[PDB]
Amino acid sequence: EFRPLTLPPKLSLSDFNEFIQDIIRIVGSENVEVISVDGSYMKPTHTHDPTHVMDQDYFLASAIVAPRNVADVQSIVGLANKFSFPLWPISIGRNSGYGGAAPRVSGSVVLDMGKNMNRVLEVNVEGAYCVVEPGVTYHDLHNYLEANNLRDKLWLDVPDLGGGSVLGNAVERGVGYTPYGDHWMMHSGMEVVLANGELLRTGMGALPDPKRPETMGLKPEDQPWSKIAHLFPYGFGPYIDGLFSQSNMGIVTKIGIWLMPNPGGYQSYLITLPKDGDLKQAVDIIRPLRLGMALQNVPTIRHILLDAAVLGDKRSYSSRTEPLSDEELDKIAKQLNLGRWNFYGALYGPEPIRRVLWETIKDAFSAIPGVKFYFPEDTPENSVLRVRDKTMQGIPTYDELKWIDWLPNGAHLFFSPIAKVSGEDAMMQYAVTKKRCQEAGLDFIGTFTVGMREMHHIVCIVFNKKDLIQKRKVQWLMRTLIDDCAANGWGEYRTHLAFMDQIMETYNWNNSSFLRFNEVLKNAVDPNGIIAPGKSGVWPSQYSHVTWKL
Amino acid sequence: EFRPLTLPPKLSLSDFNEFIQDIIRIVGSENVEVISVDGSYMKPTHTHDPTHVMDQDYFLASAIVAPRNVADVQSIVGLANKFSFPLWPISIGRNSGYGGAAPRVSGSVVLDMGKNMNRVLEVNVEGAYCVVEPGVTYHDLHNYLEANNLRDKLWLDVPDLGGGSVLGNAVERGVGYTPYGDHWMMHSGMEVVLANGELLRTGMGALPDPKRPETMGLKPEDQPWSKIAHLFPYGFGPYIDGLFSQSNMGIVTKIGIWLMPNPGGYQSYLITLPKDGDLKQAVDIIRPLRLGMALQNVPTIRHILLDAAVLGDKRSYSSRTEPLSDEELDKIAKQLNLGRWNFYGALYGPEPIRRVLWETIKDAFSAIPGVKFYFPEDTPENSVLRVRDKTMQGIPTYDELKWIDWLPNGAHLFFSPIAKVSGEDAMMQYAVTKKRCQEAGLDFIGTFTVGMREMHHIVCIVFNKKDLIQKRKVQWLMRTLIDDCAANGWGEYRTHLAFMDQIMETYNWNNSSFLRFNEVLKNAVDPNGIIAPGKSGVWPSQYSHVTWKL
Amino acid sequence: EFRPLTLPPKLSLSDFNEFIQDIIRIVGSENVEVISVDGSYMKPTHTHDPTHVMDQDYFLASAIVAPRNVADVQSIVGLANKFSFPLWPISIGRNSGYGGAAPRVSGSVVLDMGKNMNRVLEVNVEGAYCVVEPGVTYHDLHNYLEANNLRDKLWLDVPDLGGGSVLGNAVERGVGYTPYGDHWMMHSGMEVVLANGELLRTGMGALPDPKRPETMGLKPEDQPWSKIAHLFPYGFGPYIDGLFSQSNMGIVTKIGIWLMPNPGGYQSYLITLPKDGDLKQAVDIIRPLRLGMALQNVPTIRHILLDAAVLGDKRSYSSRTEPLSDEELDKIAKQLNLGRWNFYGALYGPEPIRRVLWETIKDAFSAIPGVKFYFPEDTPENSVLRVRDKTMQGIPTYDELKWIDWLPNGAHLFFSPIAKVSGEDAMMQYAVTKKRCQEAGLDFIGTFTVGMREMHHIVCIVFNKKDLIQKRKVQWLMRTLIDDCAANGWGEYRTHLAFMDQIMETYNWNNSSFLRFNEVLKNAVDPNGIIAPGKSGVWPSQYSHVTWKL
Ligand SMILES: Cc1cc2nc3c(=O)[nH]c(=O)nc-3n(C[C@H](O)[C@H](O)[C@H](O)COP(=O)(O)OP(=O)(O)OC[C@H]3O[C@@H](n4cnc5c(N)ncnc54)[C@H](O)[C@@H]3O)c2cc1C
Ligand SMILES: Cc1cc2nc3c(=O)[nH]c(=O)nc-3n(C[C@H](O)[C@H](O)[C@H](O)COP(=O)(O)OP(=O)(O)OC[C@H]3O[C@@H](n4cnc5c(N)ncnc54)[C@H](O)[C@@H]3O)c2cc1C
Ligand SMILES: Cc1cc2nc3c(=O)[nH]c(=O)nc-3n(C[C@H](O)[C@H](O)[C@H](O)COP(=O)(O)OP(=O)(O)OC[C@H]3O[C@@H](n4cnc5c(N)ncnc54)[C@H](O)[C@@H]3O)c2cc1C
Ligand SMILES: Oc1ccc(C(F)(F)F)cc1
Ligand SMILES: Oc1ccc(C(F)(F)F)cc1
Ligand SMILES: Oc1ccc(C(F)(F)F)cc1
């Protein structure tokens, strides 16, 4: 196909056509798409940012290409180095709130790895792990376990929505809610296509499986791994794995992920926190519990509107255009039988141990007045606890997508700072963020996810994607929160394409030493700068900073 | 000082002298030593390999230099870049079995970071972490906790000997025996002097602590860290920390380590396994227990001679020069009331939870005939269980150094492959290794340290350091084991200076893709190749592979 | 022609077409072929490996080009340097067992030099030599001698099959069976087209024939040579000839080969060795005889199945699918009146001298029980001795091709190590190789060719080219034999395209010094890396080792 709306920097239309003809030769016309619709979660759009925040011509692909296999990825990387064409690899492209599948540089080729590279490559019982291609969604691996009756032996760890890529979420260092919730830390053995086109396997994946008649003559991509590849992550020498998370250092084609054996007992629960100010004491109660193993998984502290929004849109609770008042928030809580803050958690393992930890949890939380405790059965049929009961045992759901529709043409953007597990710190961050949300004309909506010694505070900014004036206010809010949070010692762990530079500039101790060191590494491994230029604020030397940064 | 026994590659004597005079100017004559004695564990030697395996002129420093602070490290890196002089950074230099403090390249300057950069920088209770300089030994940190009564709130995690560096052991990715036993995984926030001499702080350490009057004007090195620096490791963007472990990518000056809060209950124990073949069933029993949390820490499976050697030398058990027979091993076991294999572990937490897990452990292990269970109190005063009882609660000891004296002029070398947590795999690796040990005229001595989905198999090769013929058999043994283990799908996790090249060559999947990628990173960050050339087999482009590899 | 199945690395289809249009301009459409059939020995296929062992897309040409003369070779080299297109020069392309005519790099242009560059350039009686182009097969030079009645004066030295190229076999350092059997050592004066396109003549070929009226104005390629060109190989200064054997240093267009004057008497013979174990004593008897001139030619020690396979396929002796047993081998021997090992040799020169050497040979071999001696006349009409009687006097035959059809879709691969001329060494190598052949499900088939102080041990692995599972077992066998033989101190002298890297890595003394030195020489003479990249494991700097090695 001939004329794309936007071409990559410095490439001619004739080179574009040459390049695209070459790719269609390799993967076929059915797998190459020239962009000469926002779609849905069900059918994610791969050409641009659906939940737009920025203006047109930002983050727009020139074409979408879907490799059939690793050989095609290597062939495409070779073509991209030949013509200096930027590539933007995605697995499933459901990074909604962070830009979807859109490229940081307009005119890039979006590399859809998941369409054809879809396979569950291995589920190992004794080693309790799985090996997956980019295309395996959490729902697919669930279905694979169920089909082979492996759910009695091994459980998954899933984020709020089931349609994400197991591998794509892990390389972004995403979060799930069982004891295996730190997705990036559960990995072991990855396969990567480097910018030079060569294939690399990390860790013990670099120790080749010994020759045998049955595996002779296989392409590198198709060879099996050695015995310790997905059991011990370090290998020998430099532990380079982390250079492939949240980065533009390579294209990930495979990954091993540790899986939790059925723990022999489970019980999810909900603790309701009556007052807005009860976040402080609750978080101080959470701290020692999280460090000591009474809280084994990644429990969450959800704000009333997050649960309210799951159950219905704004218009179903109030007809005001402005932010709901404190008083209206208390009324919604009462209607749903929830608190202003709602703590969701789970106990795993034998009844005798769960009982002891549960008494410890109840005893500690009883120090907050009017606290109430529920198990799934004690709540209504449409409750969030019933949905999260599945989530905290690794069963995928799609219920939580409903909060996005809080406003008429709801589109969401995530603001995601890290806070200490201390009531004082959490209250100060919430206060900072709640204030700015109100200055922008928006309702505060959010969760805290409880890591061991930190909390991920996920502020869900929802807005009308067709409302120009509100879109600008959303851009103001984000940028102002970034600066306010850094002035109080907090940085964000993940972001949308339009804020990556601003957030990388926040990590500027000692005159931006961190970014300078990363640029050195990027320019050495990617001399033509073809792999996702600008991902995380990391630009290759051919992309002028003056021209491209936001 | 003027004439060293060995000069670094391509440097003239006049440049050596100019350089050393420059350094003496910066750090003083008391902190600079020109090498123109093997020492002890108590006073580690910093000039060469004490437990020598290779000949003279290998791994010999030209001079030992001890920076007083980070500024001197920066100054010294500046001088090394100017003169093309290689540096070898050590923290305490007690890496016995792996080369001690000796440099990979003879003529290097050994940089003794621990002598003056010694401080316990911070012990935080609510975030349960500590921050340390290279010279903080495990014993020093212990003493610091005891002096401020912090042992009631926070425990350490220590390797077998308390004299190592908390930071140096973590960057080598060493092992300890409580639930915080994966030392490298407990880190968060590190400070590094790069080969270009610039200071860098990783993760949330890149997010600067906000300006305040009390901290104005401090040098970079002396600035405090922001609130989340030692609580959340990832920061934002590429996760580069792992490039500074088992590598030559930088000089580590500070590191944060997570510390376990007193668990509120502890009980160590020993399970004796009567037959040599009982390793198979025991490991198969261990597998599910280790994955499910009945085994929370890093339990070990010790061979009878490791415990026997702790108690006395070979001459105290037999006067044969050749390897003890199976029959003599059973006799020693009986004398000590141990089995041929001995499992040491611990339970942590409230009595009611420990009681349930202990019944689970006892019940599973009872499937092996003649199994016996002991608590520290049921054993003699000199027992290994009493020493390990302290080790598994974070208390440093020095008792285990005595197995090194198994032979007259005992020197040790560690052969350290990884195995699956499966009886079949463990037996096959032991069988391979025991056979070659016997071919070399040596006793098999070793331990398995039980990781979650893997085991580190530490084979302790001990030999008489003055016996030439035995030294050669040791060299043969090691290189043959490396090859045999690779042909059975096993690689080593850590090694001695003389075997780093051979072990990196084992990790050659896809025509050595892993080492090629590492070399590209090393040349880009260290263009003059002055930071520890050859560490882990990773050589900068100025060091010809033909000349330097072993 | 427009679209080839495979293109060379980094070249566009438009450049391919440009290049191919340019070549068709030079040599004509009849001499250029675009590959958009395994053929036979009679009509060798020039596009791929017929006796396939590896999978599709390996060793596949993009086009076959046939120069009309040396000017076209130079023009084509110029075009290849202009577009960076790899060339794979062949003479006849009958390197069956070593890859046929197939290129090491898929997408290469196969340069068929023999089609049009065919001439016997000179046969000199007084100097006893010949001068040949790539296209002269052993059968053609035989026919040339016969046509001009030169067989009474000069004899040839031929390998087992008559259709090979005299020059192609010599540059591979092939073997023949008269006293002139070391083909490479019989050469003198070669003409080469270098990678830069320039013409070079080696040795005394560099000393120009003095001007004369009759030779003025001839192109360099067409000039005659000086008097000593094909009589003394060294010339003056560096003796560079050997850089053009088994290498990618140049394209050979002409070569002088020494020819043996009729020796005035000849008699071939066969000595049958009854037992499998008789190889040991026989080889020990051969040693002093070979060194002293009782054995003047290159006598061979053939295994019973090699002779059996010449006479009929496996199905004609047994219907088992598995390897024939020892007992069945003894029965075949008895049926053919041969031993388990069969020694073929010849005596040259006057009757009185032959008689003396023959008595010496008989006397020595009589030390082995049940030895029998035959002359051609004492054997049946279809005997191997009758075929080899022609071979050892330089007369070409095609009988020996019949062993390839031992299995239904027989395809062969040669495993070719060198052994000492000692019974102990030969028995150990045979034992090693026989064992592995049996593990793969294959019959051991082989010969030893007796060089002066070494033996070439040619193991003929034959397999069904359509049997996937057996193909993989063949790949396992080869690679395992390579490693087993190097661990016992033996290397291979020649190999198939798929094992060249593995065999070059075996020659790694002093950290691969040999290959590093060869790469330095290759990159200097061939800066664009267009001449047979990868031949012998020698890759030019533009071919990433990670991507291309096998
Ligand atoms: C309602 C809602 C709830 C959510 N809940 C959670 C939650 O609980 N936890 C959570 O972590 N997230 C959550 N998310 C965010 C996001 O939806 C998920 O993280 C999702 O899994 C990310 O998308 P994906 O897996 O489809 O990844 P992708 O879009 O495919 O990938 C994300 C990014 O990873 C990189 N990448 C992906 N594949 C590759 C590859 N093969 N090679 C190189 N780089 C690659 C690219 O930079 C890419 O843009 C939520 C989102 C919404 C709307
Ligand atoms: C009897 C015995 C038992 C042992 N038991 C254990 C055990 O249970 N667990 C275990 O893990 N080990 C064990 N070891 C091995 C060793 O004793 C410890 O690992 C010890 O802590 C390593 O020494 P150090 O801490 O003195 O480190 P150092 O020698 O200071 O350092 C080791 C290496 O780390 C790198 N390095 C160190 N500091 C820096 C820096 N500041 N910058 C850059 N690079 C740096 C260098 O490559 C250096 O050579 C044992 C050894 C013996 C003899
Ligand atoms: C049954 C059987 C028996 C055999 N017996 C023998 C034997 O007794 N002795 C023996 O030596 N071999 C033997 N062979 C192997 C092979 O068949 C012969 O060696 C044959 O002569 C090699 O092929 P060719 O002459 O057609 O050469 P080619 O395929 O033309 O050339 C072989 C290689 O030489 C190089 N080369 C060729 N020409 C040039 C040139 N002009 N410039 C630069 N490089 C060039 C290339 O690398 C090329 O691939 C046997 C094979 C079989 C199947
Ligand atoms: O990055 C993230 C992490 C968690 C979530 C949520 F909201 F489900 F908790 C959203 C985005
Ligand atoms: O690298 C290591 C790890 C463990 C040990 C031991 F033996 F104490 F377990 C020694 C060396
Ligand atoms: O390279 C060679 C040499 C000899 C032979 C044979 F078998 F005729 F002896 C085959 C291949």
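Numbers run from 1 along the shown chain.
Method of determination (from the header): X-ray crystallography, 2.1 Å.
Any Cβ shown, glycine's included, is placed from N, Cα and C.
Copied from Swiss-Prot, the annotated features are:
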- B:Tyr98: active site (ACT_SITE)
- B:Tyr493: active site (ACT_SITE)
- B:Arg494: active site (ACT_SITE)
- B:57-262: domain 'FAD-binding PCMH-type' (DOMAIN)
- B:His412: tele-8alpha-FAD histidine (MOD_RES)
- B:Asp160: site 'Important for the catalytic mechanism' (SITE)
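Annotated features, which come from Swiss-Prot, shown on the structure.
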| residue | record | CB count, 10 Å |
| --- | --- | --- |
| B:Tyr98 | active site | 20 |
| B:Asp160 | site 'Important for the catalytic mechanism' | 23 |
| B:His412 | tele-8alpha-FAD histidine | 23 |
| B:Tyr493 | active site | 25 |
| B:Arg494 | active site | 24 |
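Contact annotation for chain A: of the listed recorded positions (B:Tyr98, B:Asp160, B:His412, B:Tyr493), B:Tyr493 place their CB atoms under 8 A from a CB atom of that chain. Of all the recorded positions listed here (B:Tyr98, B:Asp160, B:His412), B:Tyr98 has the Cα closest to the Cα of B:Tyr493 (active site).
Candidate recorded positions: B:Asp160, B:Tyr493, B:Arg494. Those with a Cβ under 6 Å from ligand 2, in sequence order, are B:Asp160. Within 10 Å of B:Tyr98 (active site), counting C-alpha to C-alpha distances, fall the following of the recorded positions B:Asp160, B:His412, B:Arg494: B:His412, B:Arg494.
Proximity to ligand 4 at the level of Cβ atoms, with a cut-off under 6 angstroms, picks out none of the recorded positions B:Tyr98, B:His412, B:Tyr493, B:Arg494.
A separation of roughly 15 Å, to the nearest angstrom, links the Cα atoms of B:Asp160 (site 'Important for the catalytic mechanism') and the residue listed as 'tele-8alpha-FAD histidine'. Within the set of recorded positions B:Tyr98, B:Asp160, B:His412, B:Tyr493, B:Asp160 have a CB atom less than 6 Å from some atom of ligand 5. Residue pair B:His412 (tele-8alpha-FAD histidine) / B:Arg494 (active site) shows a Cα separation of 15 Å.
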